[PDB]
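Here are the chains, one letter per residue:
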2 protein chains.
Amino acid sequence: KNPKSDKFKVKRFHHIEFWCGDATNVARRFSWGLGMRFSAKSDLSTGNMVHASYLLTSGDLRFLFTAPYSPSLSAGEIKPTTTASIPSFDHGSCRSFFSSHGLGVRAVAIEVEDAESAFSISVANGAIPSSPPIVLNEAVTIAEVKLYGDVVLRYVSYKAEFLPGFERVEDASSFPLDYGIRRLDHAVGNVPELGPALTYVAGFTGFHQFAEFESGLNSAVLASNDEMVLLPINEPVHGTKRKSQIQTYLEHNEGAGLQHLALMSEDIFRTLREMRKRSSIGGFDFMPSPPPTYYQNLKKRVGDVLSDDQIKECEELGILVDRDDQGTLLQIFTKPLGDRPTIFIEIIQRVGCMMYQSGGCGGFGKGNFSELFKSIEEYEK
Amino acid sequence: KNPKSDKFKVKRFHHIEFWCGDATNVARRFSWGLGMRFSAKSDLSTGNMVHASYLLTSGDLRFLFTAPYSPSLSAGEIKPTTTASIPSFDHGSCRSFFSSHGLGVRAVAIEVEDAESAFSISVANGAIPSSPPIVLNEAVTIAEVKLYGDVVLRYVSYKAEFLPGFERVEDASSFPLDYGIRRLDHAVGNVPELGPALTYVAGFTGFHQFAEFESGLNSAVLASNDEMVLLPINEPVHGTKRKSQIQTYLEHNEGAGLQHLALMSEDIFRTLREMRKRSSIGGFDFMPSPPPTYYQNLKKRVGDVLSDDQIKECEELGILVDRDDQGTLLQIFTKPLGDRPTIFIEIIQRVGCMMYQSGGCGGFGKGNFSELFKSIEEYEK
Ligand SMILES: CCCn1c(=O)c2c(C)c(C(=O)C3=C(O)CCCC3=O)ccc2n(C)c1=O
Ligand SMILES: CCCn1c(=O)c2c(C)c(C(=O)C3=C(O)CCCC3=O)ccc2n(C)c1=O
Ligand SMILES: [Co+2]
Ligand SMILES: [Co+2]
């Protein structure tokens, strides 16, 4: 069921913005680890005396890394005279966010038809405003409302290159890395209580629940009209034997925030070979692999979609597989991206549901909670 | 002239500690960029609920990256019950340092025979104490006094593995990178006034001035008895046409701090090939190269030490060369390590002064200020 109840026209995921203490070092680590190119910048070299912002791209995926400068550099500016390229940026907010949460996502940005319209409708329907709409160079409109914790949902609309005031990167410094990642598939929040959070977000977006198919989580997924913008939310299940990983997140994060970003690859096998090659030389580590029992059990579950060779390939790389009614999902998770056990990344590829491919095809892998436990205990034998 | 006036027995540079917001991402960037191995850790996985600290090694060079956790994780601890592996660490101090300075060096650590003795003598002779001596596991003694700005000089003595409470890195995660860097040659501070700073530091160490051989700097070098611990200090020269790079540092750093770390390599040619290979894929960028006139002028200056082929090699890699009375120095500088134009790294190799090789052999390259200007203007032609 899809009531298609979006309250404003929503296009696609546009970008993700991390708030950090040093944008240079985080951006350079991510570039090498994930194979994303340096595409644009707004820093001192471009006249921005307020914040250092660096943009990484892979296909249509945009990761923006931003950090503050000393406020003394821009102490004489006022908002009408600012040199910031992101008018919503605030020194105090950024330092407070990062000291409270450590490294993580500040903005989930989606492209809309009319950022001004989306903002007003949103707050008309209960959104807590964060940054009012601003028109950049008469060409781009940007606005922000609260999503959960200190994460904002950013609207971005274009009348007709990333943002005004950003310069393209002189390719000499812009090495064309590419491990196969292509777009952002979904962005997941952790909250203490799922009910009030879902009611708030679906309330002002009109997004509908996507509908799915003991391990410490309850969760639900909001979706836009064509189900291409996907925003799942988790809450802790307390009192179980094994401590909830959602509760651990809220503890070490100082409350709600974004849990994982799921990046779609055009060839998950090559993405995972390339990332694993780099895990120990500046890249990302992956969660411990499932036991061979898990892969011996895959023939019965997806032996009609993946060849026996394609299953052995999953086993070498530690990929997980799940399946709903309409298609199949290959997935794998990184260890946390930073010091704290909080944000992590998921790499995914979806098989099926062709009309183009419809969003959510195969679900989100909840069936791998039980299957992982099962295969672990079979292998304990 | 060497009066050998050290007021306590001083051995060698022991380590450098960076204070950052996310130790994981900075450490991983440095590892790949400089070819340093992950050697030890003290974090949540080792029972440290206070700070995440990761140690990188290359030969005898030790880079320690440290970041705070949420104070709520250790809110019930007191100093007698602390889980920190570095007793001098303080949450407030670390967050205040990094928000004020961005990424940079907090501690310059030297190994002494008696850290307790060195501390008392130092403050007896004018050192401002920072952290009193603490004995770790009855095996290591650590103490800290102020050096300049918010940089401390850390004393470390061993009765007889980095520090108690640090675990060796399970080599699976400890890839053995090595680009040829071997030890820390010198560590350089920027201050507004050189006179008062030198008087303070030589005052409590007994270190002597090392003695050298318009571009915006005045500087002097303090040295220990065998001249192996080397601590140069710069001050701005104001009112010149081209703005002083020392003044720019103090502006963007919010005052005094460490300017550069000079790492000695056993083969600067291979170190620079390896680092340059990585500049655009997560490593470090190097300052713009000198013009061909500079290298055509090298035959007359060091044609008795470097072959014509060894000079062409310098030209490919952008290495600079200087020479004093006793030996020759090859050097090159990175662009800043972070967002702000503040800290940078120097790679160096020294030729000459054999007895082992005496420290400071060839000076520090001040003769390259004029030679760079000269060759630039000849090449303007
Ligand atoms: C330490 C790794 C633990 N772990 C996960 O974290 C994990 C995640 C995070 C997902 C996931 O992506 C997801 C959604 O996107 C929608 C909300 C529900 C949900 O969980 C799916 C499976 C997972 N499995 C199997 C697992 O074992
Ligand atoms: C943007 C690069 C600008 N630049 C330097 O920064 C530079 C430095 C930093 C050194 C140096 O190491 C040093 C000492 O170690 C002792 C104190 C004096 C001193 O300066 C030497 C030469 C340099 N030259 C030539 C240069 O052009
Ligand atoms: Co997911
Ligand atoms: Co130097």
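Thresholds applied
- Residues numbered from 1 in each chain as written, not as in the entry; some residues may be left out.
- Chains lettered and ligands numbered in written order.
- Heavy atoms only, no water.
- Residues with missing side-chain atoms left out of burial classes, pairs and counts.
- Axes fitted to C-alpha atoms, helices over the stretch in contact; angles between N-to-C directions.
- Helix = DSSP H or I, 4+ residues; strand = E, 2+ residues; numbered from the N terminus.
- Parallel < 35°, antiparallel > 145°, perpendicular 65-115°, else oblique.
- Left-handed = near helix turned anticlockwise from the far one by under 90°.
- Contact = heavy atoms within 4.5 Å.
- Nonpolar A, V, L, I, M, F, W, Y, C, P; charged D, E, K, R; others polar.
- Donors = N, O, S within 2.8 Å, 3.2 Å for Na, K, Ca; no water.
- Buried < 20%, exposed > 50% of the residue type's maximum accessible area, 1.4 Å probe, protein only.
- Near = heavy atom within 4 Å.
- Polar contact = N/O pair within 3.5 Å; in protein donor to acceptor, adjacent residues only side chain to side chain.
- Domains from an automatic or database assignment.
- Salt bridge = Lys/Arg side-chain N within 4 Å of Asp/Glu carboxyl O.
- Buried area = accessible area lost by both parts, 1.4 Å probe.

### What about the packing of helix α6 (residues 268-277) of chain B against helix α9 (residues 308-317) of chain B?
All names here are of chain B. Relative orientation of the contacting elements α6 and α9 amounts to 25°, with a least axis distance of 10 Å. Our classification of the angle between α6 and α9 gives roughly parallel. Crossing of α6 against α9: the hand is left-handed. On α9, the residues touching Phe269, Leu272, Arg273 and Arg276 of α6 are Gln310, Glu313, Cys314 and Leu317. Among the residues making up the contact of α6 with α9, the classes are represented as 4 nonpolar, 1 polar and 3 charged.

### As for the coordination of the cobalt ion (ligand 4)
All names here are of chain B. Those donors, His186 (NE2), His260 (NE2) and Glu346 (OE), are the protein atoms that reach the cobalt ion (ligand 4), and they lie 2.1 to 2.4 Å from it. Of the two residues, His260 is situated in strand β14 (residues 257-265) and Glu346 in strand β17 (residues 344-352); the sequence distance between them amounts to 86 residues. As far as the burial class goes, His260 and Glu346 line up, both buried.

### Focus on the site of ligand 1
All names here are of chain A. Not every one of the 16 residues close to ligand 1 is listed here, only the nearest: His186, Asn234, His260, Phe333 and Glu346. Between ligand 1 and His260 there is a distance of 2.8 Å, counted from an oxygen atom to a side-chain nitrogen or oxygen. The contact in question runs from an oxygen atom of ligand 1 to an N or O atom on the side chain of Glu346, over 3.0 Å. Looking at the shell around ligand 1, the elements that each hand over two or more residues are β10 (181-190), β12 (217-223), β13 (230-236), β17 (344-352) and α10 (367-380). The element contributing the most residues to the shell around ligand 1 is α10, with 3 residues.

### Examining the side chain of A:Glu227
Along the chain, A:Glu227 falls in the loop between β12 and β13. Apart from the residues lying within four places of it in its own chain, the contact partners of A:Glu227 are A:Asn2, A:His208, A:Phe210, A:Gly359 and A:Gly360.

### Considering the domain arrangement of chain A
Residues and elements named next belong to chain A. Taken domain by domain, chain A comprises domain 1 (10-173) and domain 2 (181-380). The gap between the C-alpha centroids of domain 1 and domain 2 is 26 Å. Residue-level contacts link 37 residues of domain 1 with 40 residues of domain 2. Our enumeration of links across domain 1 and domain 2 arrives at 1 salt bridge. The closest approach of N and O atoms between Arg12 and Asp226, which form a salt bridge, is 2.8 Å. Counting every contact that joins domain 1 to domain 2 gives 16 residue pairs in polar contact. For the side of domain 1 that touches domain 2, the secondary structure elements donating two or more residues are β1 (10-19), α1 (23-34), β4 (61-68), α2 (91-101), β5 (104-112), β7 (140-148) and β8 (151-158). Looking at the side of domain 1 that touches domain 2 residue by residue, the classes come out as 22 nonpolar, 11 polar and 4 charged.

### As for the interface of chain B and chain A
With 42 residues of chain B at the interface, the matching set in chain A holds 42 residues. Of all residues in chain B, B:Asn25, B:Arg28 and B:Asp339 give up the largest surface area on contact with chain A, accounting jointly for 23% of the area buried on that side. Between chain B and chain A we count 2 salt bridges in total. Residues A:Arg28 and B:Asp285 are paired through a salt bridge, measuring 3.0 Å at the closest nitrogen-oxygen approach.

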